[PDB]
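**Q** This is the content of final-v8.cif (mmCIF, C-alpha atoms; chains and numbers go by the auth columns):
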data_target
loop_
_atom_site.group_PDB
_atom_site.id
_atom_site.type_symbol
_atom_site.label_atom_id
_atom_site.label_comp_id
_atom_site.label_asym_id
_atom_site.label_seq_id
_atom_site.Cartn_x
_atom_site.Cartn_y
_atom_site.Cartn_z
_atom_site.B_iso_or_equiv
_atom_site.auth_seq_id
_atom_site.auth_asym_id
ATOM 1 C CA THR A 1 -2.204 -5.558 -12.125 0.00 1 A
ATOM 2 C CA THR A 2 0.445 -3.058 -10.954 0.00 2 A
ATOM 3 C CA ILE A 3 0.571 -1.540 -7.449 0.00 3 A
ATOM 4 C CA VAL A 4 3.383 0.835 -6.426 0.00 4 A
ATOM 5 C CA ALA A 5 4.427 2.188 -3.017 0.00 5 A
ATOM 6 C CA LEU A 6 7.223 4.647 -2.204 0.00 6 A
ATOM 7 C CA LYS A 7 8.614 6.429 0.863 0.00 7 A
ATOM 8 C CA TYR A 8 8.980 10.211 0.989 0.00 8 A
ATOM 9 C CA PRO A 9 10.209 12.648 3.684 0.00 9 A
ATOM 10 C CA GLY A 10 6.961 12.737 5.687 0.00 10 A
ATOM 11 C CA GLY A 11 5.364 9.348 5.008 0.00 11 A
ATOM 12 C CA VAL A 12 4.437 6.881 2.258 0.00 12 A
ATOM 13 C CA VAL A 13 2.292 6.825 -0.907 0.00 13 A
ATOM 14 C CA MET A 14 0.601 3.766 -2.432 0.00 14 A
ATOM 15 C CA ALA A 15 -0.970 3.872 -5.897 0.00 15 A
ATOM 16 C CA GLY A 16 -2.628 1.049 -7.839 0.00 16 A
ATOM 17 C CA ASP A 17 -4.141 0.498 -11.280 0.00 17 A
ATOM 18 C CA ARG A 18 -7.903 0.124 -11.682 0.00 18 A
ATOM 19 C CA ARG A 19 -10.334 -0.314 -14.604 0.00 19 A
ATOM 20 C CA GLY A 20 -21.737 -1.760 -9.738 0.00 20 A
ATOM 21 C CA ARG A 21 -18.690 -4.012 -9.359 0.00 21 A
ATOM 22 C CA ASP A 22 -15.573 -3.386 -7.257 0.00 22 A
ATOM 23 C CA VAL A 23 -12.810 -1.706 -9.296 0.00 23 A
ATOM 24 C CA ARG A 24 -10.328 -0.291 -6.755 0.00 24 A
ATOM 25 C CA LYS A 25 -7.336 -2.320 -5.505 0.00 25 A
ATOM 26 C CA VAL A 26 -5.725 -0.018 -2.909 0.00 26 A
ATOM 27 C CA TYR A 27 -7.653 0.426 0.351 0.00 27 A
ATOM 28 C CA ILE A 28 -7.106 2.174 3.690 0.00 28 A
ATOM 29 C CA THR A 29 -7.271 -0.552 6.363 0.00 29 A
ATOM 30 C CA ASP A 30 -6.826 1.584 9.500 0.00 30 A
ATOM 31 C CA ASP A 31 -5.811 5.134 10.524 0.00 31 A
ATOM 32 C CA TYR A 32 -2.196 4.440 9.459 0.00 32 A
ATOM 33 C CA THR A 33 -2.207 1.494 6.992 0.00 33 A
ATOM 34 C CA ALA A 34 -3.236 0.705 3.404 0.00 34 A
ATOM 35 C CA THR A 35 -3.227 -2.612 1.511 0.00 35 A
ATOM 36 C CA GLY A 36 -2.783 -2.998 -2.252 0.00 36 A
ATOM 37 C CA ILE A 37 -3.438 -6.408 -3.799 0.00 37 A
ATOM 38 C CA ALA A 38 -2.016 -7.415 -7.167 0.00 38 A
ATOM 39 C CA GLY A 39 -5.065 -9.258 -8.504 0.00 39 A
ATOM 40 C CA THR A 40 -8.807 -8.790 -8.986 0.00 40 A
ATOM 41 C CA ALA A 41 -10.557 -5.832 -7.335 0.00 41 A
ATOM 42 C CA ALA A 42 -13.145 -7.936 -5.476 0.00 42 A
ATOM 43 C CA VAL A 43 -10.345 -10.044 -3.974 0.00 43 A
ATOM 44 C CA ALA A 44 -8.513 -6.816 -3.060 0.00 44 A
ATOM 45 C CA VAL A 45 -11.524 -5.276 -1.267 0.00 45 A
ATOM 46 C CA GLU A 46 -12.506 -8.432 0.666 0.00 46 A
ATOM 47 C CA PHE A 47 -8.908 -8.985 1.807 0.00 47 A
ATOM 48 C CA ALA A 48 -8.739 -5.347 2.946 0.00 48 A
ATOM 49 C CA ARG A 49 -12.028 -5.685 4.858 0.00 49 A
ATOM 50 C CA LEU A 50 -10.933 -8.831 6.745 0.00 50 A
ATOM 51 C CA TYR A 51 -7.636 -7.126 7.626 0.00 51 A
ATOM 52 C CA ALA A 52 -9.505 -3.982 8.735 0.00 52 A
ATOM 53 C CA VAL A 53 -11.668 -6.151 11.021 0.00 53 A
ATOM 54 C CA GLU A 54 -8.567 -7.924 12.406 0.00 54 A
ATOM 55 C CA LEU A 55 -6.833 -4.641 13.331 0.00 55 A
ATOM 56 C CA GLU A 56 -9.980 -3.062 14.810 0.00 56 A
ATOM 57 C CA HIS A 57 -10.970 -6.200 16.761 0.00 57 A
ATOM 58 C CA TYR A 58 -7.591 -6.128 18.533 0.00 58 A
ATOM 59 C CA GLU A 59 -7.814 -2.413 19.400 0.00 59 A
ATOM 60 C CA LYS A 60 -11.367 -2.736 20.759 0.00 60 A
ATOM 61 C CA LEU A 61 -10.437 -5.791 22.847 0.00 61 A
ATOM 62 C CA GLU A 62 -7.040 -4.601 24.140 0.00 62 A
ATOM 63 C CA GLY A 63 -7.697 -0.838 24.311 0.00 63 A
ATOM 64 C CA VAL A 64 -4.547 -0.246 22.249 0.00 64 A
ATOM 65 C CA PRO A 65 -3.722 -0.721 18.531 0.00 65 A
ATOM 66 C CA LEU A 66 -1.201 -3.324 17.374 0.00 66 A
ATOM 67 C CA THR A 67 2.392 -2.147 16.978 0.00 67 A
ATOM 68 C CA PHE A 68 3.509 -1.916 13.344 0.00 68 A
ATOM 69 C CA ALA A 69 5.259 -5.282 13.759 0.00 69 A
ATOM 70 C CA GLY A 70 1.930 -6.634 15.054 0.00 70 A
ATOM 71 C CA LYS A 71 0.119 -5.241 12.001 0.00 71 A
ATOM 72 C CA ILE A 72 2.559 -6.980 9.621 0.00 72 A
ATOM 73 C CA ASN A 73 2.154 -10.283 11.498 0.00 73 A
ATOM 74 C CA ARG A 74 -1.658 -10.260 11.219 0.00 74 A
ATOM 75 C CA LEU A 75 -1.357 -9.616 7.476 0.00 75 A
ATOM 76 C CA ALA A 76 1.207 -12.436 7.197 0.00 76 A
ATOM 77 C CA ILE A 77 -1.145 -14.925 8.906 0.00 77 A
ATOM 78 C CA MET A 78 -3.887 -13.955 6.420 0.00 78 A
ATOM 79 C CA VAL A 79 -1.569 -14.666 3.460 0.00 79 A
ATOM 80 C CA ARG A 80 -0.419 -17.937 5.071 0.00 80 A
ATOM 81 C CA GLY A 81 -4.011 -19.173 5.419 0.00 81 A
ATOM 82 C CA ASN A 82 -5.545 -17.897 2.179 0.00 82 A
ATOM 83 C CA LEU A 83 -6.846 -21.257 0.939 0.00 83 A
ATOM 84 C CA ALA A 84 -9.768 -19.613 -0.887 0.00 84 A
ATOM 85 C CA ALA A 85 -7.377 -17.843 -3.282 0.00 85 A
ATOM 86 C CA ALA A 86 -5.156 -20.927 -3.663 0.00 86 A
ATOM 87 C CA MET A 87 -8.058 -23.180 -4.575 0.00 87 A
ATOM 88 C CA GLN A 88 -9.491 -20.757 -7.150 0.00 88 A
ATOM 89 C CA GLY A 89 -6.126 -19.830 -8.718 0.00 89 A
ATOM 90 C CA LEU A 90 -6.540 -16.156 -7.854 0.00 90 A
ATOM 91 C CA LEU A 91 -3.683 -13.729 -7.207 0.00 91 A
ATOM 92 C CA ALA A 92 -3.986 -12.340 -3.669 0.00 92 A
ATOM 93 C CA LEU A 93 -0.488 -11.190 -2.664 0.00 93 A
ATOM 94 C CA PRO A 94 -0.763 -7.865 -0.801 0.00 94 A
ATOM 95 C CA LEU A 95 1.635 -4.942 -0.602 0.00 95 A
ATOM 96 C CA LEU A 96 1.461 -3.011 2.667 0.00 96 A
ATOM 97 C CA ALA A 97 1.893 0.744 2.991 0.00 97 A
ATOM 98 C CA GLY A 98 2.066 1.900 6.602 0.00 98 A
ATOM 99 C CA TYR A 99 3.081 4.718 8.918 0.00 99 A
ATOM 100 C CA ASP A 100 4.678 3.799 12.243 0.00 100 A
ATOM 101 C CA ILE A 101 3.428 6.418 14.718 0.00 101 A
ATOM 102 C CA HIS A 102 5.832 4.961 17.314 0.00 102 A
ATOM 103 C CA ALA A 103 8.913 5.683 15.173 0.00 103 A
ATOM 104 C CA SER A 104 11.172 8.355 16.705 0.00 104 A
ATOM 105 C CA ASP A 105 11.550 10.086 13.328 0.00 105 A
ATOM 106 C CA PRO A 106 8.130 10.991 11.819 0.00 106 A
ATOM 107 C CA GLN A 107 9.744 11.954 8.487 0.00 107 A
ATOM 108 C CA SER A 108 11.060 8.436 7.800 0.00 108 A
ATOM 109 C CA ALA A 109 8.201 6.706 9.652 0.00 109 A
ATOM 110 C CA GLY A 110 6.710 5.522 6.336 0.00 110 A
ATOM 111 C CA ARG A 111 6.882 1.765 5.774 0.00 111 A
ATOM 112 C CA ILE A 112 6.595 -0.627 2.826 0.00 112 A
ATOM 113 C CA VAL A 113 6.256 -4.370 3.502 0.00 113 A
ATOM 114 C CA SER A 114 6.443 -7.113 0.855 0.00 114 A
ATOM 115 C CA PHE A 115 4.847 -10.552 1.276 0.00 115 A
ATOM 116 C CA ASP A 116 5.638 -13.844 -0.476 0.00 116 A
ATOM 117 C CA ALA A 117 3.179 -16.686 -1.211 0.00 117 A
ATOM 118 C CA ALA A 118 4.081 -18.575 1.987 0.00 118 A
ATOM 119 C CA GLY A 119 3.378 -15.584 4.258 0.00 119 A
ATOM 120 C CA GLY A 120 7.030 -14.607 4.680 0.00 120 A
ATOM 121 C CA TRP A 121 7.630 -10.861 4.786 0.00 121 A
ATOM 122 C CA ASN A 122 10.295 -8.161 4.513 0.00 122 A
ATOM 123 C CA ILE A 123 10.213 -4.425 5.257 0.00 123 A
ATOM 124 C CA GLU A 124 11.483 -2.576 2.173 0.00 124 A
ATOM 125 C CA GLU A 125 14.646 -0.564 2.847 0.00 125 A
ATOM 126 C CA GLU A 126 15.074 0.878 -0.668 0.00 126 A
ATOM 127 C CA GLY A 127 12.142 3.283 -0.251 0.00 127 A
ATOM 128 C CA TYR A 128 10.016 1.893 -3.102 0.00 128 A
ATOM 129 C CA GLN A 129 8.355 -1.382 -4.151 0.00 129 A
ATOM 130 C CA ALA A 130 6.078 -2.599 -6.954 0.00 130 A
ATOM 131 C CA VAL A 131 3.914 -5.724 -7.249 0.00 131 A
ATOM 132 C CA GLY A 132 1.734 -7.053 -10.079 0.00 132 A
ATOM 133 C CA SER A 133 1.777 -7.236 -13.879 0.00 133 A
ATOM 134 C CA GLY A 134 4.188 -4.393 -14.704 0.00 134 A
ATOM 135 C CA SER A 135 6.181 -4.518 -11.457 0.00 135 A
ATOM 136 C CA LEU A 136 9.542 -4.814 -13.261 0.00 136 A
ATOM 137 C CA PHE A 137 8.813 -1.719 -15.375 0.00 137 A
ATOM 138 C CA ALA A 138 7.421 0.205 -12.388 0.00 138 A
ATOM 139 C CA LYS A 139 10.434 -0.615 -10.175 0.00 139 A
ATOM 140 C CA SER A 140 12.977 0.465 -12.810 0.00 140 A
ATOM 141 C CA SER A 141 11.022 3.698 -13.352 0.00 141 A
ATOM 142 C CA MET A 142 10.981 4.404 -9.599 0.00 142 A
ATOM 143 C CA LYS A 143 14.727 3.675 -9.356 0.00 143 A
ATOM 144 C CA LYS A 144 15.551 6.324 -11.979 0.00 144 A
ATOM 145 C CA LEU A 145 13.130 8.916 -10.563 0.00 145 A
ATOM 146 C CA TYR A 146 13.535 8.341 -6.795 0.00 146 A
ATOM 147 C CA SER A 147 16.133 11.119 -6.380 0.00 147 A
ATOM 148 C CA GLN A 148 13.373 13.591 -7.319 0.00 148 A
ATOM 149 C CA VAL A 149 11.149 12.502 -4.405 0.00 149 A
ATOM 150 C CA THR A 150 11.327 15.345 -1.858 0.00 150 A
ATOM 151 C CA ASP A 151 7.759 15.522 -0.502 0.00 151 A
ATOM 152 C CA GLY A 152 4.229 14.076 -0.770 0.00 152 A
ATOM 153 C CA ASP A 153 3.421 15.713 -4.115 0.00 153 A
ATOM 154 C CA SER A 154 6.652 14.601 -5.826 0.00 154 A
ATOM 155 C CA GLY A 155 6.208 11.148 -4.271 0.00 155 A
ATOM 156 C CA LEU A 156 2.723 10.945 -5.776 0.00 156 A
ATOM 157 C CA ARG A 157 4.051 12.277 -9.106 0.00 157 A
ATOM 158 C CA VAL A 158 6.715 9.546 -9.355 0.00 158 A
ATOM 159 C CA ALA A 159 4.221 6.856 -8.259 0.00 159 A
ATOM 160 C CA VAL A 160 1.762 7.827 -11.025 0.00 160 A
ATOM 161 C CA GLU A 161 4.536 7.971 -13.660 0.00 161 A
ATOM 162 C CA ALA A 162 5.764 4.509 -12.597 0.00 162 A
ATOM 163 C CA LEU A 163 2.269 3.111 -13.240 0.00 163 A
ATOM 164 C CA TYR A 164 2.130 4.704 -16.707 0.00 164 A
ATOM 165 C CA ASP A 165 5.544 3.156 -17.414 0.00 165 A
ATOM 166 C CA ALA A 166 3.929 -0.125 -16.328 0.00 166 A
ATOM 167 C CA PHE A 167 -6.718 6.692 -13.974 0.00 167 A
ATOM 168 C CA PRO A 168 -5.194 4.862 -10.973 0.00 168 A
ATOM 169 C CA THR A 169 -6.242 5.392 -7.329 0.00 169 A
ATOM 170 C CA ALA A 170 -3.843 6.449 -4.552 0.00 170 A
ATOM 171 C CA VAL A 171 -3.426 6.701 -0.759 0.00 171 A
ATOM 172 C CA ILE A 172 -1.138 9.130 1.119 0.00 172 A
ATOM 173 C CA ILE A 173 -0.126 8.195 4.681 0.00 173 A
ATOM 174 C CA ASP A 174 1.735 10.647 6.938 0.00 174 A
ATOM 175 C CA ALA A 175 1.695 11.773 10.602 0.00 175 A
ATOM 176 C CA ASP A 176 -1.906 12.998 10.286 0.00 176 A
ATOM 177 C CA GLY A 177 -3.120 9.604 9.016 0.00 177 A
ATOM 178 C CA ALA A 178 -4.058 7.700 5.860 0.00 178 A
ATOM 179 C CA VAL A 179 -6.014 9.730 3.292 0.00 179 A
ATOM 180 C CA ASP A 180 -7.516 8.806 -0.088 0.00 180 A
ATOM 181 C CA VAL A 181 -6.010 11.034 -2.785 0.00 181 A
ATOM 182 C CA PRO A 182 -8.781 12.955 -4.608 0.00 182 A
ATOM 183 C CA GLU A 183 -9.233 11.514 -8.113 0.00 183 A
ATOM 184 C CA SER A 184 -9.007 15.034 -9.579 0.00 184 A
ATOM 185 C CA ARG A 185 -5.370 15.382 -8.448 0.00 185 A
ATOM 186 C CA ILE A 186 -4.339 12.016 -9.945 0.00 186 A
ATOM 187 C CA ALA A 187 -6.138 12.930 -13.193 0.00 187 A
ATOM 188 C CA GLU A 188 -4.198 16.225 -13.265 0.00 188 A
ATOM 189 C CA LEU A 189 -0.876 14.417 -12.763 0.00 189 A
ATOM 190 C CA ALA A 190 -1.567 11.628 -15.287 0.00 190 A
ATOM 191 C CA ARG A 191 -2.323 14.240 -17.974 0.00 191 A
ATOM 192 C CA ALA A 192 0.944 16.044 -17.181 0.00 192 A
ATOM 193 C CA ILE A 193 2.796 12.715 -17.455 0.00 193 A
#
What would you get if you wrote out this structure as structure tokens?

**A**
Amino acid sequence: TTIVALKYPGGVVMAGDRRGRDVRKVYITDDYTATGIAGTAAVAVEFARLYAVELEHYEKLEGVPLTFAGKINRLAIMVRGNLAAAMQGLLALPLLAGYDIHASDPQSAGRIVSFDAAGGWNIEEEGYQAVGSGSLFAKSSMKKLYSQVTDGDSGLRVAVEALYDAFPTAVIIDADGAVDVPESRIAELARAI
């Protein structure tokens, strides 16, 4: 299913479709990252947990978190060696929303990284990216509405509208860290859309 992520002046927002089983597909992995898997929710949560362990294990052992390039690499190795998903025919390609705290400009410090099946990756320079079922519809919607993205609220508004064009859950990441968007605010926006 569809997961969108777009940059705004201040950070980055990632929103993903959902529907006592796991249902969510976008998860905060550390203080400044969030992973959104186009696929089943239980695959999305287990992938996010293993990646959360990987990032935390490094910080506890080295006394310092991985650089943002280090964070991408560890996610790329996980995609490269995902034999469990390959054997079972399950979609497990993640989209990464991150905030580089080491970037000189905090306003454009938001980051979106795409990953292919082989583990190859590319940092998005367009300021928006969509993966999943309605990715083509969500990307075209974001292209036409991206000029209206001025802050976190407008960035969340465009992200929700792109998913309707394709309630969902969302994660906002800025200088203060990654925060789960209250479901009341997304419900308010989806009704307005």

**Q** Report as a list in words the residues that result from applying the PyMOL selection byres ((chain A and resi 182) around 12) to the structure here.

**A**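 The output of the PyMOL selection byres ((chain A and resi 182) around 12) on this file is residues 156, 167, 168, 169, 170, 171, 172, 179, 180, 181, 183, 184, 185, 186, 187, 188 and 189 of chain A.
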
**Q** Here is a test: counting only C-alpha atoms, which residue of A:100, A:39, A:1, A:50 is nearest to residue A:85?

**A**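 Between A:100, A:39, A:1, A:50, the residue approaching residue A:85 most closely is A:39.
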
**Q** Hey, which of A:87, A:34, A:4, A:42 ends up closest to residue A:22? Count all atoms listed in the file.

**A** A:42

**Q** Excluding stretch 112-123 of chain A and residues on its chain fewer than 5 positions from it, collect all residues at most 7 Å away from it, counting only C-alpha atoms, and give them as a PDB file with C-alpha atoms, in the coordinates of the input.

**A**
ATOM      1  CA  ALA A   5       4.427   2.188  -3.017  1.00  0.00           C
ATOM      2  CA  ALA A  76       1.207 -12.436   7.197  1.00  0.00           C
ATOM      3  CA  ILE A  77      -1.145 -14.925   8.906  1.00  0.00           C
ATOM      4  CA  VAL A  79      -1.569 -14.666   3.460  1.00  0.00           C
ATOM      5  CA  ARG A  80      -0.419 -17.937   5.071  1.00  0.00           C
ATOM      6  CA  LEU A  93      -0.488 -11.190  -2.664  1.00  0.00           C
ATOM      7  CA  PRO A  94      -0.763  -7.865  -0.801  1.00  0.00           C
ATOM      8  CA  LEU A  95       1.635  -4.942  -0.602  1.00  0.00           C
ATOM      9  CA  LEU A  96       1.461  -3.011   2.667  1.00  0.00           C
ATOM     10  CA  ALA A  97       1.893   0.744   2.991  1.00  0.00           C
ATOM     11  CA  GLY A  98       2.066   1.900   6.602  1.00  0.00           C
TER      12      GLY A  98
END

**Q** What's the separation between atom CA of residue A:105 and atom CA of residue A:178, in Å to one decimal place?

**A**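 Taking atom CA of residue A:105 and atom CA of residue A:178, their separation equals 17.5 Å.
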
**Q** Take the PyMOL selection byres ((chain A and resi 37) around 8), apply it to the structure above, and return the hits as a VMD selection string.

**A** chain A and resid 3 25 to 26 35 to 36 38 to 41 43 to 44 92 to 95

**Q** Just the residues within 9 Å of residue A:49, please, counting all atoms listed in the file, with nothing from its chain fewer than 5 positions along; format it as a VMD selection string.

**A** chain A and resid 27 29 44 54

**Q** Name the residues in contact with residue A:150 at a cut-off of 10 Å, using only C-alpha atoms, excluding same-chain residues fewer than 2 positions from it; report them as a PDB file with C-alpha atoms, keeping the file's coordinate frame.

**A**
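Final output, saved to result-v9.pdb:
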ATOM      1  CA  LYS A   7       8.614   6.429   0.863  1.00  0.00           C
ATOM      2  CA  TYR A   8       8.980  10.211   0.989  1.00  0.00           C
ATOM      3  CA  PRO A   9      10.209  12.648   3.684  1.00  0.00           C
ATOM      4  CA  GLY A  10       6.961  12.737   5.687  1.00  0.00           C
ATOM      5  CA  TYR A 146      13.535   8.341  -6.795  1.00  0.00           C
ATOM      6  CA  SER A 147      16.133  11.119  -6.380  1.00  0.00           C
ATOM      7  CA  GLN A 148      13.373  13.591  -7.319  1.00  0.00           C
ATOM      8  CA  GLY A 152       4.229  14.076  -0.770  1.00  0.00           C
ATOM      9  CA  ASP A 153       3.421  15.713  -4.115  1.00  0.00           C
ATOM     10  CA  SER A 154       6.652  14.601  -5.826  1.00  0.00           C
ATOM     11  CA  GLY A 155       6.208  11.148  -4.271  1.00  0.00           C
TER      12      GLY A 155
END

**Q** Please evaluate the PyMOL selection byres ((chain A and resi 51) around 10) against the structure above and give the resulting residues as a ChimeraX atom specification.

**A** /A:29-30,34-35,45-50,52-57,71,74-75,78

**Q** Return stretch 82-104 of chain A, completed with N, CA, C and O atoms, as a PDB file, keeping the file's coordinate frame.

**A**
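The result, stored in rebuild.pdb:
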ATOM      1  N   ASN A  82      -4.629 -18.230   3.267  1.00  0.00           N
ATOM      2  CA  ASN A  82      -5.545 -17.897   2.179  1.00  0.00           C
ATOM      3  C   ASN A  82      -5.753 -19.090   1.246  1.00  0.00           C
ATOM      4  O   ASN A  82      -5.213 -19.134   0.136  1.00  0.00           O
ATOM      5  N   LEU A  83      -6.538 -20.058   1.715  1.00  0.00           N
ATOM      6  CA  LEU A  83      -6.846 -21.257   0.939  1.00  0.00           C
ATOM      7  C   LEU A  83      -7.882 -20.996  -0.149  1.00  0.00           C
ATOM      8  O   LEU A  83      -7.902 -21.688  -1.167  1.00  0.00           O
ATOM      9  N   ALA A  84      -8.733 -19.997   0.073  1.00  0.00           N
ATOM     10  CA  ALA A  84      -9.768 -19.613  -0.887  1.00  0.00           C
ATOM     11  C   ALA A  84      -9.177 -19.101  -2.202  1.00  0.00           C
ATOM     12  O   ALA A  84      -9.714 -19.376  -3.278  1.00  0.00           O
ATOM     13  N   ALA A  85      -8.073 -18.363  -2.106  1.00  0.00           N
ATOM     14  CA  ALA A  85      -7.377 -17.843  -3.282  1.00  0.00           C
ATOM     15  C   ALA A  85      -6.534 -18.918  -3.965  1.00  0.00           C
ATOM     16  O   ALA A  85      -6.392 -18.917  -5.190  1.00  0.00           O
ATOM     17  N   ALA A  86      -5.980 -19.826  -3.163  1.00  0.00           N
ATOM     18  CA  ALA A  86      -5.156 -20.927  -3.663  1.00  0.00           C
ATOM     19  C   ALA A  86      -5.981 -21.955  -4.435  1.00  0.00           C
ATOM     20  O   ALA A  86      -5.533 -22.479  -5.459  1.00  0.00           O
ATOM     21  N   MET A  87      -7.175 -22.227  -3.943  1.00  0.00           N
ATOM     22  CA  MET A  87      -8.058 -23.180  -4.575  1.00  0.00           C
ATOM     23  C   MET A  87      -8.643 -22.676  -5.896  1.00  0.00           C
ATOM     24  O   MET A  87      -8.915 -23.451  -6.781  1.00  0.00           O
ATOM     25  N   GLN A  88      -8.816 -21.369  -6.005  1.00  0.00           N
ATOM     26  CA  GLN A  88      -9.491 -20.757  -7.150  1.00  0.00           C
ATOM     27  C   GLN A  88      -8.491 -20.188  -8.160  1.00  0.00           C
ATOM     28  O   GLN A  88      -8.886 -19.671  -9.211  1.00  0.00           O
ATOM     29  N   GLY A  89      -7.202 -20.297  -7.840  1.00  0.00           N
ATOM     30  CA  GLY A  89      -6.126 -19.830  -8.718  1.00  0.00           C
ATOM     31  C   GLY A  89      -6.084 -18.325  -8.883  1.00  0.00           C
ATOM     32  O   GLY A  89      -5.705 -17.818  -9.941  1.00  0.00           O
ATOM     33  N   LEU A  90      -6.474 -17.612  -7.829  1.00  0.00           N
ATOM     34  CA  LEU A  90      -6.540 -16.156  -7.854  1.00  0.00           C
ATOM     35  C   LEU A  90      -5.337 -15.531  -7.161  1.00  0.00           C
ATOM     36  O   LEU A  90      -4.907 -15.993  -6.100  1.00  0.00           O
ATOM     37  N   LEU A  91      -4.798 -14.480  -7.774  1.00  0.00           N
ATOM     38  CA  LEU A  91      -3.683 -13.729  -7.207  1.00  0.00           C
ATOM     39  C   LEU A  91      -4.174 -12.864  -6.050  1.00  0.00           C
ATOM     40  O   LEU A  91      -5.088 -12.052  -6.216  1.00  0.00           O
ATOM     41  N   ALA A  92      -3.567 -13.049  -4.879  1.00  0.00           N
ATOM     42  CA  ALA A  92      -3.986 -12.340  -3.669  1.00  0.00           C
ATOM     43  C   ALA A  92      -2.811 -11.936  -2.775  1.00  0.00           C
ATOM     44  O   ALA A  92      -2.940 -11.892  -1.549  1.00  0.00           O
ATOM     45  N   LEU A  93      -1.671 -11.636  -3.396  1.00  0.00           N
ATOM     46  CA  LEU A  93      -0.488 -11.190  -2.664  1.00  0.00           C
ATOM     47  C   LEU A  93      -0.532  -9.683  -2.417  1.00  0.00           C
ATOM     48  O   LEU A  93      -0.485  -8.896  -3.368  1.00  0.00           O
ATOM     49  N   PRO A  94      -0.630  -9.277  -1.137  1.00  0.00           N
ATOM     50  CA  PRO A  94      -0.763  -7.865  -0.801  1.00  0.00           C
ATOM     51  C   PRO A  94       0.566  -7.134  -0.628  1.00  0.00           C
ATOM     52  O   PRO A  94       1.565  -7.729  -0.213  1.00  0.00           O
ATOM     53  N   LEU A  95       0.559  -5.850  -0.966  1.00  0.00           N
ATOM     54  CA  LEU A  95       1.635  -4.942  -0.602  1.00  0.00           C
ATOM     55  C   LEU A  95       1.100  -4.016   0.481  1.00  0.00           C
ATOM     56  O   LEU A  95      -0.017  -3.504   0.371  1.00  0.00           O
ATOM     57  N   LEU A  96       1.890  -3.819   1.531  1.00  0.00           N
ATOM     58  CA  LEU A  96       1.461  -3.011   2.667  1.00  0.00           C
ATOM     59  C   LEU A  96       2.177  -1.667   2.722  1.00  0.00           C
ATOM     60  O   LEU A  96       3.408  -1.607   2.756  1.00  0.00           O
ATOM     61  N   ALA A  97       1.390  -0.595   2.717  1.00  0.00           N
ATOM     62  CA  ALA A  97       1.893   0.744   2.991  1.00  0.00           C
ATOM     63  C   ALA A  97       1.430   1.149   4.380  1.00  0.00           C
ATOM     64  O   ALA A  97       0.236   1.094   4.685  1.00  0.00           O
ATOM     65  N   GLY A  98       2.378   1.544   5.225  1.00  0.00           N
ATOM     66  CA  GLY A  98       2.066   1.900   6.602  1.00  0.00           C
ATOM     67  C   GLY A  98       2.888   3.046   7.150  1.00  0.00           C
ATOM     68  O   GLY A  98       3.947   3.381   6.617  1.00  0.00           O
ATOM     69  N   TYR A  99       2.382   3.652   8.219  1.00  0.00           N
ATOM     70  CA  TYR A  99       3.081   4.718   8.918  1.00  0.00           C
ATOM     71  C   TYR A  99       3.193   4.353  10.393  1.00  0.00           C
ATOM     72  O   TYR A  99       2.185   4.265  11.100  1.00  0.00           O
ATOM     73  N   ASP A 100       4.424   4.132  10.848  1.00  0.00           N
ATOM     74  CA  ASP A 100       4.678   3.799  12.243  1.00  0.00           C
ATOM     75  C   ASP A 100       4.667   5.068  13.091  1.00  0.00           C
ATOM     76  O   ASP A 100       5.607   5.866  13.050  1.00  0.00           O
ATOM     77  N   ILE A 101       3.590   5.248  13.852  1.00  0.00           N
ATOM     78  CA  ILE A 101       3.428   6.418  14.718  1.00  0.00           C
ATOM     79  C   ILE A 101       4.352   6.351  15.945  1.00  0.00           C
ATOM     80  O   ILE A 101       4.552   7.353  16.639  1.00  0.00           O
ATOM     81  N   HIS A 102       4.920   5.172  16.191  1.00  0.00           N
ATOM     82  CA  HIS A 102       5.832   4.961  17.314  1.00  0.00           C
ATOM     83  C   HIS A 102       7.300   5.185  16.944  1.00  0.00           C
ATOM     84  O   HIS A 102       8.171   5.176  17.818  1.00  0.00           O
ATOM     85  N   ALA A 103       7.566   5.384  15.654  1.00  0.00           N
ATOM     86  CA  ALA A 103       8.913   5.683  15.173  1.00  0.00           C
ATOM     87  C   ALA A 103       9.365   7.054  15.668  1.00  0.00           C
ATOM     88  O   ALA A 103       8.596   8.020  15.630  1.00  0.00           O
ATOM     89  N   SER A 104      10.610   7.126  16.136  1.00  0.00           N
ATOM     90  CA  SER A 104      11.172   8.355  16.705  1.00  0.00           C
ATOM     91  C   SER A 104      11.280   9.487  15.682  1.00  0.00           C
ATOM     92  O   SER A 104      11.134  10.661  16.031  1.00  0.00           O
TER      93      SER A 104
END
